[PDB]
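Just so you know, the sequence shown maps onto residues 157 to 336, 342 to 637, 650 to 1029 in the entry's author numbering.
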Amino acid sequence: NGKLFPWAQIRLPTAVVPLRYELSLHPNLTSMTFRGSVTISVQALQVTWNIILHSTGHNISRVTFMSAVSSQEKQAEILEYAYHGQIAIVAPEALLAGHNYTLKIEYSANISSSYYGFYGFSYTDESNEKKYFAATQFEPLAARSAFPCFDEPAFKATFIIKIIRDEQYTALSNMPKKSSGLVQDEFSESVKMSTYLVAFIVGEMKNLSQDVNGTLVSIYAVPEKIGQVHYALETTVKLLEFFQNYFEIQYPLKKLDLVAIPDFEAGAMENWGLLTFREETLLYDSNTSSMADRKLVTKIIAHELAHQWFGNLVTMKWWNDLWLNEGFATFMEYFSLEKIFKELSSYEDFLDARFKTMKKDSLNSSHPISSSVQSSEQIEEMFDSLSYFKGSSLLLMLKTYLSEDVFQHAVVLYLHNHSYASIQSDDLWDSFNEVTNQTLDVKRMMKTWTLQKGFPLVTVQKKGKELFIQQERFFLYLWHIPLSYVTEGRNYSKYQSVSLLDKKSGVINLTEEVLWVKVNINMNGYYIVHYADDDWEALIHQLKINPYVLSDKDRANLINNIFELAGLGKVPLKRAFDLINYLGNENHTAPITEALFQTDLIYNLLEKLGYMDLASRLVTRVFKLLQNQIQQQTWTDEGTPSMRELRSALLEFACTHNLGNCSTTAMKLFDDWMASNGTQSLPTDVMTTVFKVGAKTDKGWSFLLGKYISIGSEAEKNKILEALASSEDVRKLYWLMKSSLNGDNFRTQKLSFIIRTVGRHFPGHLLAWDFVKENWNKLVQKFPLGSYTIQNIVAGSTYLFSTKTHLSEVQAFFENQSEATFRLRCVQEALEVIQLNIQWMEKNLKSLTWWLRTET
Ligand SMILES: *[C@@H]1O[C@H](CO)[C@@H](O[C@@H]2O[C@H](CO)[C@@H](O[C@@H]3O[C@H](CO)[C@@H](O)[C@H](O)[C@@H]3O)[C@H](O)[C@H]2NC(C)=O)[C@H](O)[C@H]1NC(C)=O
Ligand SMILES: N[C@H]1CCSSC[C@@H](C(=O)NCc2ccccc2CC(=O)O)NC(=O)C[C@H](Cc2ccc(O)cc2)NC1=O
Ligand SMILES: *[C@@H]1O[C@H](CO)[C@@H](O[C@@H]2O[C@H](CO)[C@@H](O)[C@H](O)[C@H]2NC(C)=O)[C@H](O)[C@H]1NC(C)=O
Ligand SMILES: *[C@@H]1O[C@H](CO)[C@@H](O[C@@H]2O[C@H](CO)[C@@H](O)[C@H](O)[C@H]2NC(C)=O)[C@H](O)[C@H]1NC(C)=O
Ligand SMILES: *[C@@H]1O[C@H](CO)[C@@H](O[C@@H]2O[C@H](CO)[C@@H](O)[C@H](O)[C@H]2NC(C)=O)[C@H](O)[C@H]1NC(C)=O
Ligand SMILES: *[C@@H]1O[C@H](CO)[C@@H](O)[C@H](O)[C@H]1NC(C)=O
Ligand SMILES: *[C@@H]1O[C@H](CO)[C@@H](O)[C@H](O)[C@H]1NC(C)=O
Ligand SMILES: *[C@@H]1O[C@H](CO)[C@@H](O)[C@H](O)[C@H]1NC(C)=O
Ligand SMILES: *[C@@H]1O[C@H](CO)[C@@H](O)[C@H](O)[C@H]1NC(C)=O
Ligand SMILES: *[C@@H]1O[C@H](CO)[C@@H](O)[C@H](O)[C@H]1NC(C)=O
Ligand SMILES: [Zn+2]
């Protein structure tokens, strides 16, 4: 390596611009190796002497420079940096502005063992013959490893993939196949699309498909589970007809292929014409799948289809605006559901996810949804709750403040104007303003939301017939808030209005002296509202009297807010618990769960700290509130989906802390199920709750383990797995984490699941953090530093620590690792989580024992 590399920055130079890529690769699954050839059509709009590409883990043999008048090809010199995963091609004779050239590079590499890029694995059949499968995960920066390219989403280009298969496999990609000793299939040329959407799969599969008003929707799967693809096609065809009507642009490809991958870490991918999925996520069987399992497969297919337009067709210029794709997809995912799939009551998950996202956003570790991103690790952490749900709340807020129809016009204009192009944060805002040329100037209103941390705190004071509103930052520079308040008059009549706050303080005029208010119409706004004690007390009385004047979304938003507010010390803890006394008149799921999550969170914290006494006192008092609702629950899979998951939460809550007869009944059902060798029908809703009880027995634990290896229902196994990991035998728990990590018997994709479940409860609480801590570099090899997977793990096992001593060790451990690792958001956020737990223990623990006492 004589001369040094010609580029000294992370981001690619803009002189070179690709037009067309030819990727012809030949892979041997036996040795986990392949040979690939990349032909790139490149136009240089700048006078340059050097060409730079992203490339890693590659054996390069020969490169060609060939755009001379009659020259066939010329040999060239390749240079590699490798710190930035970049390679430089010193082309002879400088490229001229506007002149097209063609670069072909020859290389060899290995199939990776990590869950990233081009990877392969071996899975076992029903007939028990080992088979191999190859898949693609290029998003976000894994294309570099696969083939040498301009690995940046703004460098859109056309792609033609030529792939070779070993026997008579299924070779699939973005475009349909037309190729006729081993066979070589060449897929057709595709739309100008980014490099990270390139996808190709190689394995033994079968196909179930239907025509959808011109296009062929194919849902592929491994021969074993091809019967379980019936539900996916039903929804996929229904959704595509729905999405094509609300975005008048129709699907641009001849074939839409959704595939169920045996392993695969991410829930699903959006690769144009090749939706890659998790087998647990795409497959479904009514007999063995729960209501939540039916809801999970519906939303992911809804979420994946939205990307076809948001991200595939029109995508972000750079990841610092990644919320411009996932934020839109998540919004469009739950919006689509609410119109064509209202039965599912999918608003609940969106609410809960926003409640959980708002807590992470409120921390000082949070960043703006449009935030400067430079390092590779900085890019990897962009796939967090904010991008999915703070970008999704931002979109939701606009739809409610503005009209529903206007949103369609802003959406449709946005897609056509920027089709097959890179967009920015500001590009999206003009589109709203373009269709609405009034005094709105959206880009100024949304500049506050997209350029700063957190959300506002709306403090509401009512004196007489005036509503006093002030906006404050949330912690333990000014936004434009769309306030929406629901008032009840003295004749108890419904009346609702909306106002916009662009100032720190405000006063809203009321028509008549009211009984109470609600300051956020449902959730709908990305902010937290605090009320005056009397106004807070007014809400509690109404709730104690009749809770149905409010919504379930409106009543569970009150619970999340009061506890969040109670946690940080703004308002005394008792008043938060004082509100949750209306549970007797409560039959809806969203208020019940958010109360249960708030109580379940508190109990887990105390249990860790040795306060066994206080913890059970808490779940007792809550059990007595919900004793009526809990006791009338039937183990029968009966009721409209929201009712079905309403059952599981209560059955889980009673059984997890050994309350009532839940354990008594579940033991009997499990014995019935076990003494039937798994043949006997056991209801989908109560399966996980029964499995948890069955796993307490060593025989039950061992019997279940035999089923997990034995059965093929992925949805039923993840229910069983939750039972094994909820076991209290630390020796059993440790083994589960070691198995997935190495991948024997347990697939590595569950490692985050097992580590998170192990760390929740007292046995294995220390075990989970230590296994993450002591196996950390093996974990960084499997999932990149900054990845959701590794950020999920850190947060999954560190949220229940509440001690300054514990805070000192997590902080010290990451110091021991590296400066790149210690500056990570996951380390910084999860350490701050522990901090707040110290304070919550400080401010409310002492008093909590006061309301939690038996007074003579
Ligand atoms: C279709 O797409 C084009 C390109 O995205 C849109 O053009 C954009 O229009 C906005 C209007 O606000 C321009 O923003 C302006 O920027 C200057 C300074 O940079 C500022 O002085 C103005 O007050 C305003 O902020 C924006 O520049 C322009 N795009 C580009 C690339 O310049 C167009 O509005 C879209 N909609 C249609 C044509 O209906
Ligand atoms: N951006 C692309 C992919 C880039 S990788 S994102 C990180 C990774 C991930 O782990 N998700 C959570 C998850 C989901 C299923 C099983 C396990 C786990 C992790 C756990 O067990 O905790 N996959 C995704 O999130 C898929 C999500 C699309 C999506 C679908 C359904 C939704 O309801 C929301 C969102 N992502 C995209 O389209
Ligand atoms: C990859 O290499 C393996 C061997 O290392 C090939 O597998 C066998 O190859 C021999 C000769 O090519 C055949 O006679 C066998 O029947 C093959 N059987 C099995 C089960 O693999 C394999 O064909 C090669 N594949 C590619 C795509 O190159
Ligand atoms: C019962 O409540 C309703 C809620 O709409 C009252 O209707 C309006 O009340 C406000 C406040 O007094 C007035 O400003 C409006 O003009 C009322 N609407 C009319 C008059 O059409 C309603 O008036 C209440 N019933 C009464 C006062 O008898
Ligand atoms: C209970 O079910 C298991 C499978 O979960 C049975 O074990 C397999 O049975 C098949 C036939 O169904 C045999 O061909 C295999 O040899 C068995 N596998 C193993 C690992 O032993 C089992 O026979 C069923 N009943 C009992 C009482 O064991
Ligand atoms: C994988 O391939 C790369 C590129 O050819 C090569 O450097 C390396 O020796 C192979 N694998 C590992 C883990 O070393
Ligand atoms: C790369 O190719 C060269 C030349 O064919 C060879 O000597 C070397 O072993 C190859 N590297 C790998 C990792 O296969
Ligand atoms: C390269 O081909 C494109 C095809 O779109 C054409 O626009 C361009 O004129 C060609 N290059 C030059 C320097 O003209
Ligand atoms: C699988 O693909 C073929 C390709 O022609 C198609 O005709 C067939 O209908 C598909 N199989 C089904 C729907 O079972
Ligand atoms: C079983 O549930 C009922 C429902 O009220 C409860 O009263 C009873 O105490 C439970 N059985 C126990 C605790 O043994
Ligand atoms: Zn997504």
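Ideal Cβ positions, reconstructed from N, Cα and C, are used throughout, including at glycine.
If you compare the alpha carbons of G698, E685 and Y665 with that of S672, the shortest gap goes to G698. The DSSP-derived three-state label of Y495 is helix. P617 is positioned such that its CB atom lies closer than 8 Å to that of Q632.
Where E710 is concerned, there is no enclosing beta strand (DSSP E), although the alpha helix (DSSP H) around it starts and stops at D706 to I718. Here the stretch 456 to 471 lies against the stretch 483 to 493, with 3 or more beta-carbon pairs under 8 Å apart.
In this structure, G273 lies near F294, with their beta-carbon atoms less than 8 Å apart.
For the pair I963 and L799, the Cα-to-Cα distance works out to about 37 Å. In this chain, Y357 is not harboured by any alpha helix (DSSP H), its DSSP state being neither H nor E. Within the chosen limit of 7 Å, ligand 1 does not reach the beta carbon of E409 with any heavy atom. For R439, the uninterrupted beta strand (DSSP E) segment begins and ends at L435 to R439. For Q411, the CB contacts under 6 Å within the same chain, skipping 5 residues up- and downstream, are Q405 in chain order. Scanning the stretch 884 to 937 from its first residue to its last, the whole alpha helix (DSSP H) runs of 4-plus residues come out as 887 to 898, 903 to 915 and 924 to 933.
Boundaries around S193 are those of the beta strand (DSSP E), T189 to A200, since no alpha helix (DSSP H) includes it. Set against 7 Å, the gap from the CB of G879 to the closest heavy atom of ligand 5 is smaller.
With a 10 Å radius around the Cβ and a threshold of 16 neighbouring Cβ atoms, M785 comes out exposed. Beta-bridge analysis with DSSP links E661 to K667 and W689. Judged by DSSP secondary structure, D751 falls within the alpha helix (DSSP H) whose first and last residues are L746 to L752. Straight across, the Cα-Cα distance linking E409 with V573 is about 7 Å.
The Cβ atoms of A749 and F796 do not sit closer than 8 Å to each other. Nearest Cα to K399 within the set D773, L939, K386 and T376: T376. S264 is classed as exposed because its beta carbon has fewer than 16 other beta carbons within 10 Å across all chains shown.
Between the stretch 308 to 320 and the stretch 475 to 490, the count of C-beta pairs closer than 8 Å reaches three or more; the two stretches touch.
Between ligand 10 and the CB of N664, the shortest heavy atom gap is not smaller than 7 Å. In chain order, the residues that have a beta carbon nearer than 7 Å to some heavy atom of ligand 7 are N215, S217 and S264.
When the beta-carbon positions are compared, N1017 and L746 come within less than 8 Å of each other. The C-beta distance from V945 to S970 rounds to 6 Å, short enough to fall under 8 Å. In the three-state DSSP reduction, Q165 falls in the coil class, being neither helix nor strand. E992 sits exposed, since fewer than 16 C-beta atoms from the chains shown fall within 10 Å of its C-beta. Using a cutoff of 7 Å, the CB of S925 counts as near ligand 2, since one of the ligand's heavy atoms is closer than that. The DSSP-derived three-state label of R790 is helix.
Residues of the same chain with a CB within less than 7 Å of the CB of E499, apart from the 5 flanking positions on each side, are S507 and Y508 in chain order.
Per the Cβ contact rule, the stretch 224 to 232 is not in contact with the stretch 273 to 291 (fewer than 3 Cβ pairs under 8 Å). In the structure shown, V534 falls within a coil segment according to DSSP collapsed to helix, strand and coil. If you measure from each CB to the nearest heavy atom of ligand 8, the residues under 5 Å come out as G254, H255 and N256. By the Cβ neighbour-count rule, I245 is buried, with 16 or more other Cβ atoms within 10 Å of its own. Inter-residue distance for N989 and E1002 is about 17 Å (C-alpha atoms, whole angstroms).
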